[PDB]
Amino acid sequence: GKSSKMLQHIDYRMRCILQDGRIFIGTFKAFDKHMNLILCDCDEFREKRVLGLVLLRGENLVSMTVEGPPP
Amino acid sequence: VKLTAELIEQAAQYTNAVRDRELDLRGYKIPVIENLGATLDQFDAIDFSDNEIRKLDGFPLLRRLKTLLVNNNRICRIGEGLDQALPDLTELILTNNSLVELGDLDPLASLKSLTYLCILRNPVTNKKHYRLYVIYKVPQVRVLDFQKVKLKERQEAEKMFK
Amino acid sequence: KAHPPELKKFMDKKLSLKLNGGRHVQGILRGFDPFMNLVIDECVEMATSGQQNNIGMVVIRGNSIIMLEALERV
Amino acid sequence: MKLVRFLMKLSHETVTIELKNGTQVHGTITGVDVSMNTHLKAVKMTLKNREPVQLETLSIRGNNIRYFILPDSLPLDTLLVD
Amino acid sequence: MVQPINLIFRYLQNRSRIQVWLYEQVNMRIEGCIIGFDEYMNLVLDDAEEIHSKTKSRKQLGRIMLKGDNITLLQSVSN
Amino acid sequence: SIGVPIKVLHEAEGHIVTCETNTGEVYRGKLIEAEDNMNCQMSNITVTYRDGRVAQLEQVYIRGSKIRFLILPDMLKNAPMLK
Amino acid sequence: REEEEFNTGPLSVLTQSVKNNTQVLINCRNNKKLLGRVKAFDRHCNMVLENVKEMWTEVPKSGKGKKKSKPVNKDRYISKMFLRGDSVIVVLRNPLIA
Amino acid sequence: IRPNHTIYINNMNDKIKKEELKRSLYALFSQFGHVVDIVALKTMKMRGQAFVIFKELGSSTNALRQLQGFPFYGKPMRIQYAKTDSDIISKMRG
Amino acid sequence: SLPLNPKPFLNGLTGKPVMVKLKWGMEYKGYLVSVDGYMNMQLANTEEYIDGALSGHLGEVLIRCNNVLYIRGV
RNA sequence: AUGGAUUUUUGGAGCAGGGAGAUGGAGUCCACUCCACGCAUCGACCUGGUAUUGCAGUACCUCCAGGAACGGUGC
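Set out below in structure tokens:
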């Protein structure tokens, strides 16, 4: 029906879990069919690293939760 | 101009120049630090510069807060349970505040991850042995007032105060 | 779609191929298909020991290709 | 036939899902899509060898699912009708 | 330009003995004479062998169909 | 027929980008060509291996499937894909 | 045509289990085995299962006891569940139900 | 060299790692106004230098006058207004 | 032989004793009842050989296609 | 009213950490010593000494010697 389940969280800050077990936290700006993700102002945790503008491939994505509201 | 939930919700929010999530609480004339619960532990940095806070106290449990910029306020005392509400506090900038006695800096010994500390432009700075006192009482600090804590200073602070 | 990999630039050049399993080989690109399966001529296995052994002309399945690096200028 | 359709009917149910990476997820389904991408609310998620974390919302890429444990009450024979 | 599929067709015709590098398994490789193959790079190998690079030991198989899933690399051997 | 992130990737062609593979090698340099399937041609690379050591390469090409992620400039963030 | 391939092909194992309400053991990627009845299945071998006995093996799962290095079997009952078919290694039909 | 939002600092101890240098720079300069960004590289050309960008121009001028020759990691820093406008400023203005 | 392909080979082997090696090193000997388009496989009177040694006598068995390394007639 | 055959969604994942000692403590786990500091490589980093004074939008950034905590890859 709605397709919204991803579009709802768009523009929000999001906590994304990778297949190796990393944590990517960034502003969720875009996705696609494969769940390739566009993450603005993105940092990595496991130790914190500033990455910046990140495109993650969906193959390696496991899950996402809402981390904070849109800047 | 109480630091309120409503205040925090309309406050500029952004990714700073050192790539951390920072909340902008500058120039509001806040007198007392309170109601931080509403930030929801979502910030790596909080900028409280140019306000009227008297005591660095009143924080909820904030696990992600790593940097506190508290420039040009009126800090004259540091709360005692700070590590219990801010476990990963790594950088504390207190430039141009009102700490006057070496003993008032004692509560910073309990911040286990504190590595970057700045207390410039505080009366306490001109007290005899101020630097060695901080080094011995807050050994976890690696950079003090933008100068590297060196081994020779650690040893010298071990003699005095041993 | 059913696209070609853009590899004409690399044709008849010597290359260094990183494969899965921590495997590495070197040889001249002789051809390819849409799956990125490669034909590599005068191929040499670079054993983890450091020793290198000549295997001749070979097929590498694109599936197991991690990365390639040109040893020439394109 | 296409059993994802079946799963798509389970909005507002509470389930436990076991992931391929061993993680265990208990929450209420807000949506399953055609790729079995599953969205939940009121989620208690326990990564293998941690104590649980609670999340108001969680979204799972479908492929990462091992299996769903369904409510005992669930009336399967109803749901299998198209 | 030589297309990879054609190289195989050549292997088939030649009845050159072939050695296959398998996917994510280095300690074992497979050998045999390609009799035929399909669109998925699935191979029919004759008088095939498992080759243990570590043990220097060979396991005799005869008529093999290897799924292409496992194919990393295809080489020819004089033997 | 193409994904939104893919268009943004093609937008980064000609810019300096960072790429991590499925094996965790980290390649930084100029993105020459990005294909639809995420196949990436790059030049004047610095590679940082899992042990930490660095190397320098003139020319590389990495298969899209075997890429874990890419870091793109922030020059891109502004427009036009804000929707 | 597709129903025929489900009916006569290797998936007839599943087709037969659903029709007769018989038990099957599923060897599974997780190194676990699921023993039960097939309520539904599809191309990918996704399944909806009933009366599932899950069986597996473990070491000792240290938490608040000792070590005792000695493999341990484990099992657990699951009345109703959905299995994503990629995890399937093998599916076994038998004189199990009997 | 007219007043500028960005200040150019040189004579900095180049032994400090880049990320630490930038974080101390941010901390030190936050006392005068919001620092929008910091550009500092360790190339041969750029080592021992940094560009500090402020939202407000008055903040840049105050920083310049008050921290001229401030001992930072052992050396007295030399501050000056940058020759050109920072890319970030140009984008924020137009 | 004049080109003997995957599909006919397998079809010839239906009705016959086979052994299948899986990627994971398990081995399954039995009569091949059938195979399908994706190369999923159905054995009867199956036996299991792990470490090449008889482990379990299993009966009728479906093997998912992606698990298969190779199939051998015996 | 929708897709299991090479770059995305029906998975190539699963599993184990070398040997010994009248070793010590609570078959298992941790610490120390010896043989085979498990070996080699790269990066960051810790000590000193030393080079560079340069107006920028960045994989990384002087060099020499010593010390090795961490991460990756191969055997």
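Residue numbers (the working numbering), protein chains in the order written: chain A, -11 to 59; chain B, -19 to 142; chain C, 8 to 81; chain D, 3 to 84; chain E, 7 to 85; chain F, -5 to 77; chain G, 7 to 104; chain H, 4 to 97; chain I, 7 to 80. Ideal Cβ positions, reconstructed from N, Cα and C, are used throughout, including at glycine.
Residue-level contact to chain I via CB, E:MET71, 8 angstroms cutoff: yes
Beta-carbon neighbours of A:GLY14, restricted to chain F and to distances below 7 angstroms: Those within 7 angstroms of A:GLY14 in chain F number zero; the least Cβ separation is about 11 angstroms.
Chain B contacts made by the stretch 3 to 36 of chain A, where a contact means CB separation under 7 angstroms: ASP29, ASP31
Neighbourhood of A:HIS22 by C-beta, 8 angstroms cutoff - its chain only, sequence neighbours within 5 removed: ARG45, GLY46, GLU47
Own chain, CB closer than 8 angstroms to I:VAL80, minus 5 neighbours either side, in chain order: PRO23, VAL24, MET25, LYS35
Cut-off 8 angstroms between Cβ atoms - residues of its own chain near H:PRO79, not counting five sequence neighbours on either side: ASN14, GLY72, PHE73
Strand pairing of A:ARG37, partner residues [DSSP]: A:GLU32, per the DSSP bridge assignment.
Backbone CA spacing between D:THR30 and D:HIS14 [nearest angstrom]: 6 angstroms
Residue ranges of each beta strand (DSSP E) within the stretch 43 to 70 of chain H, 3 or longer: 53 to 57
Those residues which DSSP pairs with E:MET34 across a bridge: E:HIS58
Alpha-carbon spacing of B:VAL12 relative to B:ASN31, whole angstroms: 9 angstroms
Short-range partners of chain D found in the stretch 37 to 57 of chain A, where Cβ spacing is below 8 angstroms: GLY46, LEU49, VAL50, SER51, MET52, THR53, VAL54
Own chain residues within Cβ distance below 7 angstroms of E:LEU67, not counting five before or after: By the criterion of a C-beta distance shorter than 7 angstroms, E:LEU67 is surrounded in its chain by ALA54, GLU55, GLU56, once the five residues flanking it on both sides are discounted.
Helix, strand or coil at G:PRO77 [DSSP, three-state]: coil
A:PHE33: CB within 7 angstroms of a non-hydrogen atom of the ligand FAD: In terms of ligand content, the structure shown is empty, and the ligand FAD therefore cannot be addressed.
Reduced DSSP secondary structure (H/G/I, E/B, other) of I:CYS71: helix
Proximity to E:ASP75 [Cα-Cα], best of E:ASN20, E:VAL26, E:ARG21, E:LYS62: The shortest C-alpha to C-alpha distance from E:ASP75 to any of E:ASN20, E:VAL26, E:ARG21, E:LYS62 is the one to E:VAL26.
B:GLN(-7), buried or exposed, once every other Cβ within 10 Å from all chains shown has been counted against 16: buried
Spatial neighbours of D:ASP35 in its chain, beta-carbon cut-off 6 angstroms, leaving aside the 5 residues before and after: none
Within-8 angstroms CB hit, F:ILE0 to chain C: no
Alpha-carbon spacing of B:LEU72 relative to B:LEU49, whole angstroms: Answer to the nearest angstrom: the Cα atoms are 6 angstroms apart.
Neighbouring residues, chain G, relative to D:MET3 (Cβ below 8 angstroms): Those within 8 angstroms of D:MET3 in chain G are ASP48.
Neighbouring residues, chain F, relative to C:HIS31 (Cβ below 7 angstroms): Those within 7 angstroms of C:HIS31 in chain F number zero; the least Cβ separation is about 12 angstroms.
Beta-carbon gap between G:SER23 and D:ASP74 smaller than 8 angstroms: no
Span of the beta strand (DSSP E), counted from its first residue to its last, around E:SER22: Neither: E:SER22 is in no beta strand (DSSP E) and is coded neither H nor E.
CB contact flag (D:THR40, D:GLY64, <8 angstroms): Here D:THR40 is near D:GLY64, since their CB atoms are less than 8 angstroms apart.
is_contact[F:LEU70, chain A] using C-beta, thresh 8 angstroms: Judged by the 8 angstroms Cβ criterion, F:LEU70 is in contact with chain A.
Within chain A, partners of F:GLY(-3) - CB distance below 9 angstroms: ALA18, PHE19, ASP20, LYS21, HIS22, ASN24
Validate contact between the stretch 53 to 60 of chain H and the stretch 71 to 88 of chain G using beta carbons, cut 8 angstroms, 3 pairs: no
Contact set for I:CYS71: own chain, Cβ-Cβ below 6 angstroms, skip 5 residues either direction: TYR44, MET45, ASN46
Cβ shell of G:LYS39 (< 8 angstroms), same chain only, five flanking positions each side left out: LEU31, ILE32, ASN33, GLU60, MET61, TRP62
Cβ neighbours of I:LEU60 in the same chain (closer than 8 angstroms, five flanking residues each side left out): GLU53, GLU54
Rounded straight-line distance, which links the Cα of A:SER(-9) to that of A:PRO58: 20 angstroms
G:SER18, buried or exposed, once every other Cβ within 10 Å from all chains shown has been counted against 16: buried
C-beta neighbour in chain C for F:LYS77, strict 8 angstroms: Residue-level contact check: F:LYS77 does not touch chain C, since none of the beta carbons of chain C fall below 8 angstroms from its beta carbon.
Reduced DSSP secondary structure (H/G/I, E/B, other) of D:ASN66: helix
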